[PDB]
Amino acid sequence: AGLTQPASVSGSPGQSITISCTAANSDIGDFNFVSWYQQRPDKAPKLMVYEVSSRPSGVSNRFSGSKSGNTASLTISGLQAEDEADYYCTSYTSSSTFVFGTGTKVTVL
Amino acid sequence: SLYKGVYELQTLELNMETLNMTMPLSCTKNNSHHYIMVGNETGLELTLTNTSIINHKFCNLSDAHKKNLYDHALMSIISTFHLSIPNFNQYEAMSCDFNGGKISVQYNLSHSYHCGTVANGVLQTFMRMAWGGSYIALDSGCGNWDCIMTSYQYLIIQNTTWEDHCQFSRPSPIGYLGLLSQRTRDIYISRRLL
Amino acid sequence: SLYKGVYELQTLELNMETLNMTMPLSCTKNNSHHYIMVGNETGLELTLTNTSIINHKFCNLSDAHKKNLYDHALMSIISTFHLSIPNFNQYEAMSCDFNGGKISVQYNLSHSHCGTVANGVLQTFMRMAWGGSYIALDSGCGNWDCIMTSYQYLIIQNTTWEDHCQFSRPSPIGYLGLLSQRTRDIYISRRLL
Amino acid sequence: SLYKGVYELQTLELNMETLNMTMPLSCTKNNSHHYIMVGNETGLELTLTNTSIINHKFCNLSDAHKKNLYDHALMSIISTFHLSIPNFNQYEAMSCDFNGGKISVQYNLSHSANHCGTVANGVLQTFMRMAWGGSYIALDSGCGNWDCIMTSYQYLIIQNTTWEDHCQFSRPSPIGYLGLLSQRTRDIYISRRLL
Amino acid sequence: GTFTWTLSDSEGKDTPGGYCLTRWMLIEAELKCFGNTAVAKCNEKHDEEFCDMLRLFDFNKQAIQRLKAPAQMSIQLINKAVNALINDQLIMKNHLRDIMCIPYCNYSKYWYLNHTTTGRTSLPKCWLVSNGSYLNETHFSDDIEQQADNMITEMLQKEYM
Amino acid sequence: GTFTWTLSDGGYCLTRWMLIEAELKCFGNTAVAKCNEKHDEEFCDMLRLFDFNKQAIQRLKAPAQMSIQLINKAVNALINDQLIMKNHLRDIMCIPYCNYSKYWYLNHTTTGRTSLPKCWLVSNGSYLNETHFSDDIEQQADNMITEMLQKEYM
Amino acid sequence: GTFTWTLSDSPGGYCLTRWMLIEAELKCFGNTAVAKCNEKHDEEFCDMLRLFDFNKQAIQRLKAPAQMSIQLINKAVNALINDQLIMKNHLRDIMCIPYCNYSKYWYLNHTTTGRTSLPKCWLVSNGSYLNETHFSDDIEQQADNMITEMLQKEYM
Amino acid sequence: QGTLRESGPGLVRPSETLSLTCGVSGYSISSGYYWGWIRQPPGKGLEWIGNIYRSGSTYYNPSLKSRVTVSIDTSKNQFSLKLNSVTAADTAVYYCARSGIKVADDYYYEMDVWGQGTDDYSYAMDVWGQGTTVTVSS
Ligand SMILES: *[C@@H]1O[C@H](CO)[C@@H](O[C@@H]2O[C@H](CO)[C@@H](O[C@@H]3O[C@H](CO[C@H]4O[C@H](CO)[C@@H](O)[C@H](O)[C@@H]4O)[C@@H](O)[C@H](O[C@H]4O[C@H](CO)[C@@H](O)[C@H](O)[C@@H]4O[C@H]4O[C@H](CO)[C@@H](O)[C@H](O)[C@@H]4O)[C@@H]3O)[C@H](O)[C@H]2NC(C)=O)[C@H](O)[C@H]1NC(C)=O
Ligand SMILES: *[C@@H]1O[C@H](CO)[C@@H](O[C@@H]2O[C@H](CO)[C@@H](O[C@@H]3O[C@H](CO[C@H]4O[C@H](CO)[C@@H](O)[C@H](O)[C@@H]4O)[C@@H](O)[C@H](O[C@H]4O[C@H](CO)[C@@H](O)[C@H](O)[C@@H]4O[C@H]4O[C@H](CO)[C@@H](O)[C@H](O)[C@@H]4O)[C@@H]3O)[C@H](O)[C@H]2NC(C)=O)[C@H](O)[C@H]1NC(C)=O
Ligand SMILES: *[C@@H]1O[C@H](CO)[C@@H](O[C@@H]2O[C@H](CO)[C@@H](O[C@@H]3O[C@H](CO[C@H]4O[C@H](CO)[C@@H](O)[C@H](O)[C@@H]4O)[C@@H](O)[C@H](O[C@H]4O[C@H](CO)[C@@H](O)[C@H](O)[C@@H]4O[C@H]4O[C@H](CO)[C@@H](O)[C@H](O)[C@@H]4O)[C@@H]3O)[C@H](O)[C@H]2NC(C)=O)[C@H](O)[C@H]1NC(C)=O
Ligand SMILES: *[C@@H]1O[C@H](CO[C@@H]2O[C@@H](C)[C@@H](O)[C@@H](O)[C@@H]2O)[C@@H](O[C@@H]2O[C@H](CO)[C@@H](O[C@@H]3O[C@H](CO[C@H]4O[C@H](CO)[C@@H](O)[C@H](O)[C@@H]4O)[C@@H](O)[C@H](O[C@H]4O[C@H](CO)[C@@H](O)[C@H](O)[C@@H]4O)[C@@H]3O)[C@H](O)[C@H]2NC(C)=O)[C@H](O)[C@H]1NC(C)=O
Ligand SMILES: *[C@@H]1O[C@H](CO[C@@H]2O[C@@H](C)[C@@H](O)[C@@H](O)[C@@H]2O)[C@@H](O[C@@H]2O[C@H](CO)[C@@H](O[C@@H]3O[C@H](CO[C@H]4O[C@H](CO)[C@@H](O)[C@H](O)[C@@H]4O)[C@@H](O)[C@H](O[C@H]4O[C@H](CO)[C@@H](O)[C@H](O)[C@@H]4O)[C@@H]3O)[C@H](O)[C@H]2NC(C)=O)[C@H](O)[C@H]1NC(C)=O
Ligand SMILES: *[C@@H]1O[C@H](CO[C@@H]2O[C@@H](C)[C@@H](O)[C@@H](O)[C@@H]2O)[C@@H](O[C@@H]2O[C@H](CO)[C@@H](O[C@@H]3O[C@H](CO)[C@@H](O)[C@H](O)[C@@H]3O)[C@H](O)[C@H]2NC(C)=O)[C@H](O)[C@H]1NC(C)=O
Ligand SMILES: *[C@@H]1O[C@H](CO)[C@@H](O[C@@H]2O[C@H](CO)[C@@H](O[C@@H]3O[C@H](CO)[C@@H](O)[C@H](O)[C@@H]3O)[C@H](O)[C@H]2NC(C)=O)[C@H](O)[C@H]1NC(C)=O
Ligand SMILES: *[C@@H]1O[C@H](CO)[C@@H](O[C@@H]2O[C@H](CO)[C@@H](O[C@@H]3O[C@H](CO)[C@@H](O)[C@H](O)[C@@H]3O)[C@H](O)[C@H]2NC(C)=O)[C@H](O)[C@H]1NC(C)=O
Ligand SMILES: *[C@@H]1O[C@H](CO)[C@@H](O[C@@H]2O[C@H](CO)[C@@H](O)[C@H](O)[C@H]2NC(C)=O)[C@H](O)[C@H]1NC(C)=O
Ligand SMILES: *[C@@H]1O[C@H](CO)[C@@H](O[C@@H]2O[C@H](CO)[C@@H](O)[C@H](O)[C@H]2NC(C)=O)[C@H](O)[C@H]1NC(C)=O
Ligand SMILES: *[C@@H]1O[C@H](CO)[C@@H](O[C@@H]2O[C@H](CO)[C@@H](O)[C@H](O)[C@H]2NC(C)=O)[C@H](O)[C@H]1NC(C)=O
Ligand SMILES: *[C@@H]1O[C@H](CO)[C@@H](O[C@@H]2O[C@H](CO)[C@@H](O)[C@H](O)[C@H]2NC(C)=O)[C@H](O)[C@H]1NC(C)=O
Ligand SMILES: *[C@@H]1O[C@H](CO)[C@@H](O[C@@H]2O[C@H](CO)[C@@H](O)[C@H](O)[C@H]2NC(C)=O)[C@H](O)[C@H]1NC(C)=O
Ligand SMILES: *[C@@H]1O[C@H](CO)[C@@H](O)[C@H](O)[C@H]1NC(C)=O
């Protein structure tokens, strides 16, 4: 069906922002290993977070994930202007199927 | 009564709780909840229920083994339980969750649904692990080995704190000690080279 | 034959076929074919032969477990037979096929002569079909570590019940004996088993 | 020494080396080196030491099994030793090497405040039972301690060697190995649902 | 293979060859001592539930008294020692009797014949259960009678010695 | 552990269906009770297996498809597997061994008293001649006579 | 389960040759003592007689491989010895109790008749053999058993 | 390290079959990683098409299960997508991906041949291709 995700999140430079990613209570088994990707304009998605707060090498510590119950979230601490991009959450469904979110448009003010 | 004019009949009842520091002790609380206790501290609660707690089909034992964080006696009990399940072939039936060092194992008895199925093997091992009064939970109660079945949908094994739950039957190591011998007797091969 | 002038020697031969509904019963038909009957319905045929049937290096046990189209008793017999092998360390030596609930296992004995995989397979074959496996072996006795046959393939196939037993009577002794030795000779293939 | 007037006490000691052609025989040279001999040609050296010989986390059992360049008796002894370890869960603590048919296994006993739940105690219990004739001197305390066995040494090294009469401190015996045979896979953990 | 653990000289009130169950090992009961003639059978018979329990209790006592206790209670020792203390196939026999709807011993309650004047006691036999309750002393009456005869038989060899 | 199953039923009787070309054969309590203690009696292990088969078919519900789960758990309580294993060891070492097929017992001609059946050994693909273990048979005869004398001693 | 290996003849009994004993000529034990091994479940010396006899028969009757297999023993051990007796001695060792290490055995020898007892194991506590003063009670008990069986033998 | 590169028709007509080939350079497809296709229609969120493994096993989206095939060719070190019965909704940018998942089915199968694997399963599309645009039009 697809994971619910906010359409837009916003904040000013330096503050923390949080992008949530919520699954339905009828699909808790489909909500596992929630990993988060950044897609800049006209670029391929890049993995920022996998598992919970584990990140690839070269990704700063500003990006950090959390997971609880039917929800997960990505926290961008110390927001900067270069963080503007489309952030997508995806879960690994137990039938071996990636299920993406709807995508969040982060805006820096 | 009195036999042969000189012999009075007398009885004992062993205080089996005193075996707590050396070995596990298993008992039955009521129809749905059964327990095994480890020390005067911890143990596992075996609940037959219609309500699942793990909605996913993952059980990564190796990651739990890497991190430790779990009571080794409890995980030994879990391993003794799982290894003795006869003819276990549907791996998706079992799920578990060891996050933060806890123990939670869920067998989906409704996955395999009359006789000679995975749910019957799980219930056979359950009846031996909780032999002190777990016959009430099973439907027939007797006269059935390969056709053992219960109305409940899931068997849930969760780590708990010690508490005098032994209402229906007295604590006993007998089920666990019996399962130790018959450990790897009925495991199927899944590999040419184990 | 009267012993002590008092006691007459009398013989007693047990009909083991009445144990058909509780346990497997193994027997020998001739040099090449041996059988293990389960129920009055099914069983496995253990054939020593010079001709292969599998002709590939796959044995998808894990897929057969999920499909669950097989006889559980027969697969338990196969599991006991395999896990009773002394020193099985050549995964390419064994192949099988479980298409559609079938059971068809093949052991390649060409990998050879003492202390090899073929000898272990022939030892477990000897114990499983103990009622007349000695005729197939090159030496009936006096040999454990260097048991060898002229046949290159041991082939285990699910079959139907029929009066196969000609050379030896049905007997559960091989299977029941192998149940105790079922896992006591295994090599570690991984640090955390 | 006559008991009840007419019964002399007499002693009997079994020469156990004559069992060399049928079964392994284990002994102790000193507290650091112990041996398990398989016949009159080969065996395994069990050395407790602070010096590591394997400095990698690979062990590669499957490649060794496929190549099949090792002695089968020695690998059977290694498998019995490992499968007798109770509650083995830290696989990084163990490493090994089998290049060219060699056998060289290293258990890192320094992988471990109470020091009672560690994998090192499983390794040391199985080591104590494998070399039961004279392993007790290598431990901190000879007796009165099972769950919390320790030794000052940091590594246990099981490596193939040639036969030689090393049995200085204790006489050779099969009893440790034969006892460990019945305990294989008795107290190991599941690692995967289907096994 | 076969049990080998031998009971310690737990209590000198009786003969040292006997064995006594303290109040801690018994439910709602005082000290109970069984003579050497009863517990001697535990070194030969492979079908006595009570002897297996005696060995378990004695092993527990010795283990908690002699060995250093770890911080968390470890079941490693019993997992190694279980087959030296008890006959696991006796537990299997009781399981088989349970599933087949035969009376069986659950390893809780036992009965023995106590001689009124001498205090001699037989080895306790297990009080069997069936259909969720005890057998009410009548359905296995033939057992007690024969056991009584055994004690009678047992004194006769003591007379003839 | 060791075998624990108790034969249900004095003595014990092998019905016609349990035997190859034979009628009902009953052995008294003196011979059958030997099975309770001895760990090296092939016939006793077979007798326990047949009794277990009878009880299992009578008392437990049968699954529609056959299952060998019950025997896989119950075997060690019925038989001394190391007796089978001794027989296999004597087989490979070219020693006479028991395949558990044929048994012999000494029957008293006038009283009908019978010994516990001892297995008829095989070697080199055929049954041993009687002569080759006549020395064994004589010993069994002596034992029976001794037991008779013991019954007179009481 | 239970051991089943029946030993072999040298009037029955069993004889250990100089290659089986450490600095000793050939020693024989009569059938009256060796026959106890058929039923006794907790005798170390009986397990050792069965191991030695099995070795003697195995190296004679079976075709030897080029290199050792240790496959015959790994399968046959449960029919030769009581492994739980080894576990008993392990338990006695760890608990600071005297235990058998399967090295030295003691038996009483009747001076005029030469009759002997199924040897009992000599125990070790702190890496050294116990003095006979610390288990003289068992020696007296074995002597009493010899007097008892001799009385029953004369009673024949 | 290495790169993934799409290549194929940038234009298909309705009801014909799209065929895209992803070439992998610097990584070995025979390594234990799952090679997959993801889709981004022009302005909408990401949609996972499927993936294939070195064992030949394939996994697909339930919606895109009847129309799609994903194939693997280890000899040339490439994989590929084949989407038949294309329609207007299939106009999108198609991305390669290297994914570090563990499916139990492929785990249990390769145990004897490929032995014990790693445990560093990210369960994420570790590497991505540049992405190729495809328009379904006449
Ligand atoms: C072998 O086979 C036998 C026969 O089947 C089996 O016996 C049964 O064992 C169980 C477990 O001990 C017995 O259950 C106990 O029964 C007593 C008495 O029940 C009567 O009295 C109570 C009074 O409240 C009534 O409610 C009840 O309806 C009966 O009339 C109960 O008192 C026990 O419950 C208490 O003790 C339990 C712990 O032992 C507690 O868990 C429970 O919460 C209760 O607490 C009591 O004690 C507390 C002490 O702190 C106190 O604070 C509480 O207020 C309360 O007083 C328990 O139900 C059952 O009666 C036995 N039945 C028979 C036929 O004998 C063996 O168990 C079995 N053994 C094995 C090893 O399998
Ligand atoms: C323990 O060790 C002993 C000794 O080694 C071993 O004994 C041997 O057992 C086998 C199996 O029973 C015996 O084989 C049987 O022998 C009879 C007689 O064979 C002779 O006569 C025939 C006549 O045609 C000759 O051809 C043959 O060469 C011999 O001279 C056979 O008649 C048996 O075969 C028939 O019955 C079988 C029953 O299973 C059928 O399967 C088979 O197809 C045959 O059927 C025919 O007869 C049936 C009625 O009997 C009838 O119903 C069918 O329709 C058909 O007409 C079989 O070959 C062998 O003789 C024994 N040898 C000795 C020394 O006694 C034990 O078996 C062994 N036990 C274990 C557990 O290992
Ligand atoms: C059960 O438990 C008992 C008691 O704990 C245990 O007994 C001990 O067994 C060991 C092993 O046999 C004994 O160790 C032997 O001791 C003798 C005597 O040692 C003293 O005298 C020598 C004299 O040179 C001193 O060097 C030494 O420091 C002591 O003062 C030694 O002579 C033995 O060494 C020789 O034999 C060994 C075994 O063959 C060889 O490996 C060693 O190299 C020596 O032989 C070589 O050199 C000799 C030099 O003379 C030469 O003669 C030989 O031909 C050869 O070239 C060995 O150290 C220990 O003393 C026993 N302790 C007691 C209390 O009896 C059992 O072993 C144990 N059993 C089991 C199975 O666990
Ligand atoms: C097996 O399942 C394990 C449990 O996973 C749960 O169940 C499954 C079915 C899914 O539902 C999943 O969503 C559930 O969480 C799973 O455990 C996970 O393992 C990973 C990898 O070890 C852990 O990542 C680590 O995270 C910590 C920080 O996270 C903190 O919070 C989480 C909970 O939110 C805690 O669990 C953690 O312990 C932490 O407290 C990182 O610190 C750590 O390493 C970081 O630092 C090192 C320094 O060298 C860096 O190298 C790393 O890159 C990191 O920066 C890991 O990143 C994850 O937290 C953990 N979750 C839980 C709940 O345990 C396991 O991964 C699965 N394994 C397999 C093989 O599938
Ligand atoms: C046992 O299991 C083996 C593994 O099976 C896979 O994993 C398991 C867990 C399941 O998920 C299962 O569904 C998976 O398939 C299995 O081996 C595999 O078998 C399949 C066929 O069943 C093979 O697929 C075929 O591939 C060839 C192309 O591959 C060739 O080249 C490669 C090298 O690049 C070689 O390694 C191959 O051997 C081949 O030479 C396809 O041509 C073929 O048909 C496809 O193409 C035609 C074109 O007309 C289409 O019509 C078909 O629909 C297909 O699209 C298959 O796709 C797979 O390669 C093979 N993998 C391995 C690792 O061997 C084995 O067959 C099973 N054996 C038994 C007896 O059960
Ligand atoms: C093998 O190594 C052990 C342990 O050694 C110590 O731990 C290792 C992991 C390494 O980090 C080593 O560098 C480190 O020394 C040795 O046992 C140890 O022996 C030393 C003395 O040689 C002990 O040092 C004492 O420490 C106390 C601390 O309060 C001081 O008061 C003493 O004055 C003294 O310095 C050390 O405690 C002890 N540790 C253990 C675990 O027993 C062992 O001797 C060594 N063996 C050999 C021969 O290599
Ligand atoms: C679990 O098992 C242990 C060991 O059997 C039990 O401990 C024992 O508890 C009894 C009753 O409290 C103690 O009896 C008394 O102990 C005190 C303190 O030592 C003593 O002063 C009295 O004279 C009397 O002996 C017994 O000593 C004690 N033993 C040990 C070693 O702790 C415990 O009670 C059991 N707990 C459960 C869950 O039943
Ligand atoms: C435990 O196992 C049972 C049986 O496998 C699981 O129940 C099954 O759940 C799945 C997913 O919901 C069902 O699939 C769908 O079910 C609906 C029911 O109307 C059907 O319309 C769909 O076509 C599809 O089949 C499946 O039918 C259902 N089976 C049964 C017998 O209930 C259950 O979800 C498992 N629970 C856990 C926690 O794993
Ligand atoms: C099951 O075990 C877990 C893990 O030990 C218990 O949760 C821990 O409880 C301790 C108590 O001291 C805390 O310090 C830990 O932080 C807890 N861990 C986590 C991850 O929450 C849990 O309480 C046990 N279950 C029950 C019912 O007692
Ligand atoms: C059974 O094993 C034998 C021995 O490995 C196989 O025969 C060999 O196969 C290889 C590889 O094709 C050839 O190079 C050899 O020349 C063959 N040797 C002989 C003596 O024929 C045989 O193919 C295997 N059988 C099966 C069915 O896999
Ligand atoms: C199966 O084939 C093998 C050869 O691959 C046959 O055995 C060999 O036959 C040759 C030629 O006759 C002899 O020189 C060898 O001595 C034989 N080897 C052995 C080990 O016996 C074998 O006979 C064939 N099997 C059958 C049943 O015909
Ligand atoms: C071996 O087993 C297979 C699989 O069970 C048997 O073939 C099946 O036979 C049944 C008979 O009712 C059919 O319903 C199935 O459709 C068959 N399955 C397949 C895949 O063909 C086969 O007959 C057995 N072998 C023998 C020799 O009887
Ligand atoms: C451990 O075993 C290895 C392998 O057998 C031994 O090294 C071999 O020694 C023989 C001696 O004839 C050489 O022919 C081989 O080439 C050696 N193999 C390799 C790979 O070098 C080694 O000596 C043994 N270890 C000890 C200490 O003796
Ligand atoms: C006892 O038997 C009666 C019938 O006589 C039955 O109603 C009852 O449920 C049985 N109890 C148990 C615990 O099985």
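A look at the pairing of strand β7 (residues 104-108) of chain D
All names here are of chain D.
Here's step 1: Along β7, five of the five residues are buried, which leaves the element largely enclosed by surrounding structure.
Here's step 2: One ladder, built from four bridges, connects strand β6 (residues 94-97) with β7; its direction is antiparallel. Residue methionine 94 lies in a different strand from β7, and its bridge partner there is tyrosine 107.
Here's step 3: What sits between β6 and β7 in their antiparallel hairpin is a turn of six residues, with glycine 100 showing a positive phi close to 75 degrees.
Here's step 4: Here five bridges tie β7 to strand β8 (residues 155-162), and the two strands are oriented antiparallel to one another.

Let's talk about the state of the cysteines
Here's step 1: Summed over all chains, the structure comprises 23 disulfides over all chains.
Here's step 2: What pairs with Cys141(C) in a disulfide is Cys94(F), and their sulfur atoms sit 2.0 Å apart. The S-S bond linking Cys141(C) to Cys94(F) shows a torsion near 105 degrees; that makes this disulfide right-handed. With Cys141(C) in the loop between α3 (117-128) and β8 (153-160) and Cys94(F) in the loop between α4 (81-92) and β3 (102-108), this pair bridges two chains.
Here's step 3: For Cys94(F), a relative accessible area of 34% corresponds to the partly exposed category.

Looking at the packing of α4(F) against helix α3 (residues 72-80) of chain G
Here's step 1: Where α4(F) contacts α3(G), the two axes come as close as 8 Å, and the packing angle between them is 135 degrees. Taken together, α4(F) and α3(G) sit at an angle that is classed as oblique. The two elements α4(F) and α3(G) meet at a crossing, and its hand is left-handed. Counted together, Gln82(F), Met85(F), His88(F), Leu89(F) and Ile92(F) of α4(F) and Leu72(G), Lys75(G), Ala76(G), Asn78(G) and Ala79(G) of α3(G) form the full contact between these two elements.

Here's the deal with the pairing of strand β3 (residues 25-28) of chain C
All names here are of chain C.
Here's step 1: On β3, burial covers both faces: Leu25 and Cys27 on one face and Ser26 and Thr28 on the other are all buried.
Here's step 2: Pairing between β3 and strand β4 (residues 33-38): four bridges, direction antiparallel. Within β4, the position partnered with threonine 28 by the bridge is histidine 34.
Here's step 3: Adjacent in sequence and paired antiparallel, β3 and β4 are bridged by four residues.

Topic: the site of ligand 14
Here's step 1: Close to ligand 14 lie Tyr135(B), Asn131(E) and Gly132(E).
Here's step 2: Site remark: ligand 14 is flanked by residues from chains B and E.
Here's step 3: A distance of 2.4 Å separates an oxygen atom of ligand 14 from a polar atom in the side chain of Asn131(E).

Rules used throughout
- Residues numbered from 1 in each chain as written, not as in the entry; some residues may be left out.
- Chains lettered and ligands numbered in written order.
- Heavy atoms only, no water.
- Buried < 20%, exposed > 50% of the residue type's maximum accessible area, 1.4 Å probe, protein only.
- Helix = DSSP H or I, 4+ residues; strand = E, 2+ residues; numbered from the N terminus.
- Pairing = 2+ DSSP bridges.
- Disulfide = S-S within 2.5 Å.
- Axes fitted to C-alpha atoms, helices over the stretch in contact; angles between N-to-C directions.
- Parallel < 35°, antiparallel > 145°, perpendicular 65-115°, else oblique.
- Left-handed = near helix turned anticlockwise from the far one by under 90°.
- Contact = heavy atoms within 4.5 Å.
- Near = heavy atom within 4 Å.
- Polar contact = N/O pair within 3.5 Å; in protein donor to acceptor, adjacent residues only side chain to side chain.

Scope: geometric values only; no functional claims are made or implied.
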